[PDB]
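The chain below stands alone and is given as structure tokens, in the form deposited in one PDB entry.
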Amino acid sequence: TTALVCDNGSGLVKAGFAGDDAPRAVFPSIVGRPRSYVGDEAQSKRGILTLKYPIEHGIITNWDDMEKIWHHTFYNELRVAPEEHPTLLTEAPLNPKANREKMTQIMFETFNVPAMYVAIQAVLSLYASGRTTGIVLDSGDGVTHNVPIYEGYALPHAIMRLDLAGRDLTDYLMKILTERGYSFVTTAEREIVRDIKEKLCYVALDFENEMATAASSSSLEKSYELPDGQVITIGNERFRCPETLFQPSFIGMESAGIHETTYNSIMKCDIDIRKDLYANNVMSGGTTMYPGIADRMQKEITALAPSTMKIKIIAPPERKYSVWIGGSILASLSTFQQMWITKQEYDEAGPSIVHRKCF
């Protein structure tokens, strides 16, 4: 009886089996309707469908389309019978209770799963890193969070949410790429920009120094071949795009950068545990994959903390899947599955049983 691990994000579905070291299915969390198709085949039929994102900033908002996402995950991708597999799902921090209950109801009434659990994404990431105490910076395609955790228990009053993440950086890179004369307009061209972002961008250690270096020399420039053969050249756009994470004003957002939200989150925890959090900043999610982002975060947190504070940014190489991997590890443990809601328990208690089982 293999357990399923499904990690639903605003941009990407990560799904697979507990005990695997990576998700077997990773596909866009996109649904297309004829003027249903999910993921890549929806994008191949772009000319005749309308595409939508059922998850917004880490929150499910289109349940009919989400139901299509899960059905695609079980039947088209993993090709499993959901009634034969206990299923672990993930939810954003501070997910409202009504969303949890309707996730539960759909899993048991539509998919008839024998057992189900919904876990905190940032907690899975921390366990995936081999830690019980730390502060997770989770930045994906839709949302960015800070979640401090102590001896296995998240501290909800210190959680921070920042509605700035990978999709905003893709759009911003698309905008600033027009300066050199390039024009990425179609969604096919937008996906190329997301690829340019994931391959040539980096976070500058000193942003103003690097701006002066890009104007002085061409040594920071990189070339990139488009699918049609065209070779473009990119310069300070490489680090200007992820700079938005530290300077949200770059896209007109009046918001603290990810270094200040990290510090702000720590300062909301009891004094006696802050030193453990400073030394255990764990990055997770695809938008923390920019080269240089850890050393930059180390520099910014150092400037905000007392000078003697030992600070450490942990950046696991596979942090694009750390949430999922943490789920795969925990779902491999019989005592963790012992807490899962069984179908029998749901049949007598209803969707309200998540508040009593899933923490």
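Don't overthink the numbering: it's just position in the shown sequence, from 1. For clarity, a rigid core is taken as the largest C-alpha set superposing within 1.5 Å between two forms.
The protein also exists as the form deposited in another entry; that form is not presented, and the subsequent description refers to it.
- Taking the core as reference between the shown form and the other one, the lone member of 314, 311, 331, 42 whose Cα moves by 2 Å or more is 42.
- Superposed on the core, the two forms differ at residue 94: its CA moves 2 Å or more between the shown form and the other one.
- For residue 215, the Cα coordinates differ by under 2 angstroms between the shown form and the other one after the core has been superposed.
- When the rigid core is held fixed, the Cα atom of residue 302 travels less than 2 angstroms between the shown form and the other one.
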